[PDB]
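A short worksheet on the structure shown next.
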Amino acid sequence: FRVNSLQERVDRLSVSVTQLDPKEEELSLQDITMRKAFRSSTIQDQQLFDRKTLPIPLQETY
Amino acid sequence: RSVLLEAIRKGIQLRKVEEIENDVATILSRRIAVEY
Amino acid sequence: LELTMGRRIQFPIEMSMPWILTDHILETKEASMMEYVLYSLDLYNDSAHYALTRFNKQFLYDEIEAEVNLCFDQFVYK
Amino acid sequence: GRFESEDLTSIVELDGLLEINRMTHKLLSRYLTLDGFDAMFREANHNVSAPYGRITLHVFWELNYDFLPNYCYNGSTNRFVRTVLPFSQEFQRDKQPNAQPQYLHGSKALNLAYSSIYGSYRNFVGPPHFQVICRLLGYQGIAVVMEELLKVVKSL
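Protein chains in written order, with UniProt numbering: chain R, 64 to 125; chain D, 498 to 516, 527 to 543; chain Z, 628 to 705; chain C, 785 to 940.
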């Protein structure tokens, strides 16, 4: 699923980049003033041994 | 003097003011944030 | 536990051998022992398997799992 | 963040510290899969969804409030130095709370060592500073600074 979702995401970005025009691209200071800075994902996995993570086989033995 | 400066003055007034407690990592981070 | 006359429903992780042996390596960062640290952690598997197949008691596993859950987070952090 | 709380002369220390971070990234990348170093840097520099990073902006801020009004150029040595006391215009910067050594140079000893190393760059502004400024700003950073200096000169 993820692969397919990403592939189509990659494909249309490969097209968007094609349309990029350095000659017309204008820069504004409102990005530094009115628009938040890019933030990469900061997900950290924890509590890996909750009962809900217990595999079915062991659950039955339990 | 410049429009860029104001654009910076506001940037500082946003990363300063606009700046899970039962978490194992969190609890450990604070126990260390005191020794320093 | 029985000897505590109800004072203790359990013992904290600092009194738990598996964690005592495991945390000691993490705390001292001992280089000669760093490739051994997973083996001491594996002791929980032995105890878990024993609680499920020999003692046949659910609460014993609940407590082992709850201890591992806490200790493993500390393991990753340190 | 350290650079944003110091004057322009501290940019040499910033560059050295960044290079240590780049090395740390390389050493870690042998065993772990991390975001590209440049991607990490631009994000921290707020230079991903914005044209000018924090470094470039702080360089200009310092030029405007410190360098231009407080420094004296010596054409024989090709270095700038600070003016006399009565003409020194102070502007208070918000201090930066130091973190654990591993978030800087690695240890207390290393922090001291490098701190002293870069102390030889705090009492003047010359080619070494300009060299770093060029590298960190790039064409786009240098251009905007020049454009902004013109506005300052025109204003005066």
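C-beta atoms are modelled at their ideal positions from N, C-alpha and C, and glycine is treated no differently.
CB-CB length for residue i against residue j, believed under 8 Å
i	j	result
C:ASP791	C:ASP850	5 Å
Z:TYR671	Z:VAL695	5 Å
Z:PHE702	Z:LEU668	7 Å
C:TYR902	C:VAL796	6 Å
C:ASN895	C:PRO881	Contact doesn't hold; Cβ gap of about 15 Å is too wide.
Z:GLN637	Z:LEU628	7 Å
C:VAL868	C:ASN858	Going by Cβ atoms, the distance from C:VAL868 to C:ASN858 rounds to 14 Å, so no, they are not a contact pair.
Z:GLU641	R:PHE112	The Cβ separation is near 19 Å, so there is no contact.
Start-to-end residues for the alpha helix (DSSP H) that takes in residue i
i	result
C:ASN895	892-901
Z:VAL703	685-704
C:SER939	911-939
C:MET824	821-828
D:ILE534	531-539
Z:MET644	644-655
D:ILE509	500-509
R:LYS99	R:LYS99 -> no alpha helix (DSSP H), and no H or E assigned at all.
Z:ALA675	670-680
C:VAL796	795-812
R:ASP74	65-82
C:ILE839	838-846
R:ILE119	119-124
Straight-line gap, residue i to residue j (C-alpha atoms, nearest Å)
i	j	result
C:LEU802	C:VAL909	20 Å
R:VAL73	C:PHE914	40 Å
R:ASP108	R:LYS86	45 Å
C:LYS810	C:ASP819	11 Å
D:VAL514	C:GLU874	24 Å
Z:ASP673	Z:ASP650	18 Å
Z:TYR704	C:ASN854	47 Å
Z:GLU657	Z:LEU648	12 Å
C:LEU816	C:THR808	12 Å
Z:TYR663	Z:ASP700	18 Å
Z:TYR688	Z:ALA675	6 Å
R:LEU69	R:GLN110	29 Å
R:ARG75	R:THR81	10 Å
Z:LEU665	R:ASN67	37 Å
C:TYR836	D:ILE534	37 Å
D:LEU501	D:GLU516	22 Å
C:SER789	D:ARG512	14 Å
C:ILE917	C:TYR905	14 Å
D:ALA540	R:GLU89	44 Å
residue 941 of chain C	D:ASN529	Chain C is shown from 785 up to 940; residue 941 of chain C falls before or after that span and cannot be answered.
C:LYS879	Z:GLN685	55 Å
Z:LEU653	Z:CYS698	12 Å
C:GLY890	R:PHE64	42 Å
Z:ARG681	R:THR124	12 Å
C:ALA883	D:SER536	12 Å
Z:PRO639	Z:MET632	16 Å
C:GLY925	R:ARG102	22 Å
C:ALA823	C:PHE844	23 Å
C:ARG919	C:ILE839	11 Å
C:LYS938	D:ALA504	19 Å
C:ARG863	D:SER499	27 Å
C:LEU940	C:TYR923	26 Å
C:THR793	C:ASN805	20 Å
C:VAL936	C:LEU812	45 Å
R:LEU117	C:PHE821	37 Å
C:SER833	R:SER91	11 Å
residue 763 of chain C	R:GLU71	This structure cannot speak to residue 763 of chain C, because chain C is shown only from 785 to 940.
C:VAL928	C:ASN831	14 Å
C:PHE871	C:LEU852	12 Å
D:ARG538	R:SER77	48 Å
C:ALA893	Z:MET661	25 Å
C:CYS856	D:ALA532	51 Å
Z:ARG635	Z:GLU690	14 Å
Z:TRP646	Z:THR655	14 Å
R:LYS99	R:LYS115	37 Å
Beta carbon proximity, residue i to chain B, threshold 7 Å
i	result
C:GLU932	Absent here is chain B; the protein component of the structure consists of chains R, D, Z and C.
Which residues DSSP lists as bridging residue i, in chain order
i	result
C:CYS856	C:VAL865
Residue i Cβ short of 6 Å to the ligand SAM heavy atom set
i	result
R:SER68	Absence of the ligand SAM from the depicted structure is noted, as is the absence of any ligand whatsoever, leaving it without description.
Discussion item. Across the segment 839-859 of chain C and the segment 930-939 of chain C, are there enough close Cβ pairs to call them in contact, namely three or more that are closer than 8 Å?
Written reply: Yes, they touch.
Worksheet item: Counting pairs of beta carbons, one from the segment 815-831 of chain C and one from the segment 896-912 of chain C, are three or more of them closer than 8 Å?
Response: Too few Cβ pairs lie closer than 8 Å, so no.
Discussion item. Can you confirm whether the segment 81-97 of chain R touches the segment 500-516 of chain D when touching is taken to mean that 3 or more C-beta pairs between the two stretches lie within less than 8 Å?
Written reply: Output reads yes: the segment 81-97 of chain R touches the segment 500-516 of chain D.
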